[PDB]
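[1] Let me give you the complex in parts, starting here:
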Amino acid sequence: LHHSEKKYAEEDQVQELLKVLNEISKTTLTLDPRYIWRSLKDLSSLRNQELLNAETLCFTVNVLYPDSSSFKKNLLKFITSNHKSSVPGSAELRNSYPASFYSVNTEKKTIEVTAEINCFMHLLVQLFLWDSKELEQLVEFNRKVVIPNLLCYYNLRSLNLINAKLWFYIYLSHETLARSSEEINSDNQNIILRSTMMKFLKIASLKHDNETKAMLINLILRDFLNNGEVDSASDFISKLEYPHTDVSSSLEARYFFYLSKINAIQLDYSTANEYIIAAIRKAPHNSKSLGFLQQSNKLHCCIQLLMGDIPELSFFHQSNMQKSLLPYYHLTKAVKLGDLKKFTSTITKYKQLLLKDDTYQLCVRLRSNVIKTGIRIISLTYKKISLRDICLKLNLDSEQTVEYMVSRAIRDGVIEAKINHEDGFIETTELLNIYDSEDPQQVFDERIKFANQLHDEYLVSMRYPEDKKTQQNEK
Amino acid sequence: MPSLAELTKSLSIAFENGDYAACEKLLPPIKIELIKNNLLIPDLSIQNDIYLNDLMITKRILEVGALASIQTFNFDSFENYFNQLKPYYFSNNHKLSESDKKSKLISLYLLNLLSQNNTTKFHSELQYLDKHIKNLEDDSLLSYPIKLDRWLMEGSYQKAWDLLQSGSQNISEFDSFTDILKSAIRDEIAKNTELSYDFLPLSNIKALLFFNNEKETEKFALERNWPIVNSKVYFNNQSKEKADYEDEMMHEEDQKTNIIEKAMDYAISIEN
Amino acid sequence: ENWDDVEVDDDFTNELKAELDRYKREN
Amino acid sequence: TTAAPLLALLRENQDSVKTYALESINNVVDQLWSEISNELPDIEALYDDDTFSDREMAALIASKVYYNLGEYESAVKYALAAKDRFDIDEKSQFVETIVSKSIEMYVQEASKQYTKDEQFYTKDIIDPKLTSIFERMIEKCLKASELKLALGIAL
């Protein structure tokens, strides 16, 4: 019973291992194993639950263990090990074959098979930890191991794609430990985590790995927003080390999401409004990306309201996620009509929901945008309007108060009007008739290069596959 | 003004007796003994020393040290004590005795940023605070920098002037940054009617910037270079030019044609 | 799709226009 | 620990206190360099100061800033400014790149000045900042019993 369960999963694990084993040996095929490793994460997670945990026990006995003897026992110690044929050396699948890692040449240390075996061993360990939700001592123990091992080994172009997915598990397992319980050991542990990211980033820049730098930057930018340090994030994004070529669309959408929140508090929403749009377009529409689409859609509505523009209501209607968008719908109506009591009562009841995503601090700026938008509505519809006519609509304080609020928006060119104190009425200074001016021409010259932007990123991609197509023999 | 052998008690006694210039003379010997034992700044590792040795009395050294530099109107020193207090009120978990102790000392740095019209560092420290819903909003103290940012963005300058006057906390700690930031309020409201609004009035602008005397109004016009005519004051500076060199931006002349001509040679260079 | 469907108005229903018939005879 | 306030305190008196201030900075030079870089001009200004005797330790701080900034040419100048703290035998990705960068710029000047004089390697024709690391790297390769990198760079 238990014997047939251990040999079935290990045969499938070696079958998937031998595929990427022969591809990295000859020249550089590394683009091919990258596609296999995408499905390896999903195929291993479903396989971990079946055949209990014993698939990883016999796999270590098969190959040679540099560090991995005590790590399995320590992993099996927390679960109250049940020992069945647990003596090392019970299952031997090698039997002296070249693809089986021939034992005599391996045990005599005349050849080194550890490079591809050890780096692949750490990948399967991190998968069971996140699947079984094992925390506390097992999180810190594995962090003290993998990090020193990566500094000793020299990662080639193919080897840099191994640990690239291991950096995600180091940061994820640490954040789940901090949110579960807070202590003095959690703050000091994050200090080393921030120090290790800066040392390996320089090494990854020399190898010019696209997936490695894409995974690091996404994890590094998130740490900056947790501590709230702009000076660290501002200088980091100025280098532009993030390759846009071979990175996946899921890694791109996460990159544009960070830039929207950085420029939001910098009071420049012109560039931030495009970053939140690019994050949605690059993110897939499937169910696994709903976690990113839920947060990105909530940030888009916050960016618009801070610009003075009001987003469309169909976004809160035709979508299927509107159940979570209900708190942001009441903020849409309160800004339009300019009601002061409606905005104060809206953020009071939903304050509990706004604390989770930390968007309640951005709602403080919305208190000013309620009046700024109401002035824009009445100024565009009414060209020449008196001074006291505004205070009778929005129920403002006095005539001197509204005079200062109108002169505030003309700084950035929002209202585009003038205040005449002698005559005592505000007149709109926009006569339109800009068709004869050169202002539309500035956008025209930019849209000429926008069409050519997709031209240089495309024609190259046609010949990209054609090499291996024409090199293979055709019938 | 040294008093006892301990540099902490000698600084506290000289703090209440005045002469803040002599209090900085004892600053160099403070860092001499602390850095050797690494007691000046909390170490990121675990030295088994948190509330012991001089780490308990060091928080009181830089507390009155920042209060000494704010009275001397030193912006270079005030930013130094704040960065030295950055690791403090952070480590030692969430609890020592009073935890953050006085929370208005940190807000002094937030209030000084609004006088320089810097929104980058002002809103950056809002997320740096541990309690967003307690020591920031629910806290009745430190309300000058936070609430003023709401009234300035709202556009009401009448209630913004009452925060620096009607408040009871501006007597001692916030007194130094009151009149300094008051000059920043009048400079911002004056620029609202300056660039866009063309012909400036006489008696009205006195009430916008809160001027008590009419002669103070003319003194502000000489520093801002306002053209003066008979019984009126105009503004001729609406047009902007020069400002170092600008290429391919803001209404070029000869280079504007080359921008369109470059787009034609762009597609040709790709085929090349 | 903006300021259209659910927000509506909550005026211009009855009482506002019902008075307008009296204004024609008051001139 | 934090180097941000310490770099702004270097404009005061008591240079002996500045020695203890630079000791705690050398830990965060590879960490907070993205932050304290605003105070970087104050570090370079002290190097030309005749009353500033800490330039030996101050050269190590600036050498790790401009390098991580993306300027490889500057990392060679600030490393050899002191001619003391710089350790070529230390194995790190910071030193190996500065060595390779100094050799790359040394080959460009070697193929030119060779026409005028063949003795330039024994003379001052080349600024010793180019030949300082170039000479120490060859001696390091000879002690490692590796003739591939020693003879290849020599050519």
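    Ah, there it is. Residues are numbered from 1 along each chain as shown, chains lettered A, B, ... in the order given.

[2] Pull the residues that contact stretch A:87-97.
    With CB atoms under 8 Å, 6 or more residues apart in numbering or on different chains as the test, stretch A:87-97 has contacts from A:6-7, A:10, A:14, A:58, A:61-62, A:69, A:100-104. No exception for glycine: its C-beta is placed from N, CA and C like everyone else's.

[3] One more: stretch A:391-402?
    With contacts defined as CB under 8 Å, 6+ apart, stretch A:391-402 is touched by A:338, A:340, A:371, A:374, A:378, A:387, A:388, A:390, B:155, B:156, B:158, B:207.

[4] Relative to residue A:377, how far out is the residue lying closest to the second one once chain neighbours are set aside?
    For residue A:340, the nearest residue in space outside its immediate sequence neighbours is residue A:370; the separation is 6.9 Å by CB to CB, 6 or more residues apart in numbering or on different chains. Distance check for residue A:370 against residue A:377: by CB to CB, to the nearest Å, it reads 11 Å.

[5] out of these two, which sits in the more crowded spot?
    A direct count of neighbours by other CB atoms under 10 Å in any protein chain shown for residue A:370 and residue A:377 places residue A:370 higher, at 22 against 16.

[6] I'd assumed residue A:332 was in contact with that one.
    No: with contact defined as CB atoms under 8 Å, residue A:370 does not count as touching residue A:332 (11.1 Å).

[7] what's the overlap in contacts for the two?
    Common neighbours of residue A:370 and residue A:332 are not found (criterion: CB under 8 Å, 6+ apart).

[8] So residue D:153 lies in a helix, does it not?
    Yes: Residue D:153: assigned to a helix according to DSSP: H, G, I helix; E, B strand; the rest coil.

[9] can you tell me which residues contact it?
    Going by CB under 8 Å, 6+ apart, residue D:153 touches D:103, D:134, D:137, D:138, D:141.

[10] What's the PyMOL syntax to select whichever of the residues you listed are buried?
    This is how PyMOL selects the buried members of the contacts of residue D:153, with burial counted by 16 or more other CB atoms under 10 Å in any protein chain shown:
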select buried, chain D and resi 103+134+137+141
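
[11] Out of the contacts of residue D:153, which sit inside strands?
    With strands taken from DSSP state E, there is no overlap with the contacts of residue D:153.

[12] now, which of the contacts of residue D:153 sits nearest chain A?
    Closest to chain A out of these is residue D:103 (16.2 Å), distances taken as CB to the nearest CB.

[13] close enough to count as contact, the closest one and residue D:137?
    Yes: in this structure residue D:103 lies within contact range of residue D:137 using CB under 8 Å: 7.0 Å.

[14] Work out which residue lies at the spatial centre of chain D.
    Central residue of chain D (CA atoms, centre = their mean): residue D:79, 1.1 Å from the mean position.

[15] Chain E comes next; put it on the structure above:
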Amino acid sequence: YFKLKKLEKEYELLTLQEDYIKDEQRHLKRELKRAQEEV
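    Adding chain E to what we have so far:
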């Protein structure tokens, strides 16, 4: 030691083919002039 020798040997192909693709465009322009004569 072959990595050092074969390193500079590959730049000869990058040097020729850099200006060789430009010669094909100049030849393409000559073929367009001949195409107008064919009409």
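
[16] In light of the added chain E, please revisit the contacts of stretch A:391-402.
    Residues from elsewhere that reach stretch A:391-402, judged by CB under 8 Å, 6+ apart: A:338, A:340, A:371, A:374, A:378, A:387, A:388, A:390, B:155, B:156, B:158, B:207.

[17] My guess is the residue nearest to the centre of chain D contacts residue D:61. True?
    No: look at residue D:79 against residue D:61 with CB under 8 Å: they stay out of range, at 11.1 Å.

[18] mind listing the strands in the stretch 1-150 of chain B by residue range?
    In the stretch 1-150 of chain B, no strands are defined using DSSP state E, counting those that start in this stretch.

[19] Would you mark the buried spots in stretch B:36-52?
    B:38, B:39, B:40, B:41, B:42, B:43, B:44.

[20] Enumerate the positions of stretch A:202-217 that are buried.
    A:203, A:204, A:205, A:209, A:210, A:211, A:212, A:213, A:214, A:215, A:216, A:217.

[21] whoops, stretch B:156-165 was the one
    Neighbour count says stretch B:156-165 has B:156, B:157, B:160, B:163, B:164 buried, by 16+ other CB under 10 Å.

[22] how far does it sit from the chain's center?
    The chain centroid and the centroid of stretch B:156-165 are separated by 18 Å under CA atoms, centre = their mean, to the nearest Å.

[23] so which of the buried residues of stretch A:202-217 would you say is closest to residue A:299?
    residue A:217 (18.8 Å; CB to CB).

[24] on that earlier part again, among the buried residues of stretch B:156-165, name the ones in helices.
    B:160, B:163 (DSSP state H).

[25] quick check, nearest of the buried residues of stretch B:36-52 to residue B:11?
    residue B:40 (14.6 Å).

[26] Now do the contacts for the closest one.
    By CB under 8 Å, 6+ apart, the residues touching residue B:40 are B:30, B:31, B:34, B:58, B:84, D:24.

[27] Please report how far the residue positioned nearest the centre of chain C lies from residue C:18.
    Central residue of chain C (CA atoms, centre = their mean): residue C:12, 2.0 Å from the mean position. Per CB to CB, residue C:12 is found 11 Å from residue C:18.

[28] Contacts only, for residue A:252.
    Taking CB under 8 Å, 6+ apart, one finds A:214, A:244, A:278, A:282 in contact with residue A:252.

[29] just those now: which is nearest chain B?
    Nearest to chain B among the contacts of residue A:252, with distances taken as CB to the nearest CB, is residue A:244, at 18.4 Å.

[30] what are the phi and psi angles of that closest one?
    Phi and psi for residue A:244, reported as degrees, to the nearest 10, are phi -100, psi 0.

[31] which SSE is whichever residue of chain D sits closest to chain A in?
    Nearest residue of chain D to chain A: residue D:34, at 4.3 Å (CB to the nearest CB). Following DSSP states H and E, one finds residue D:34 within helix D:33-36.
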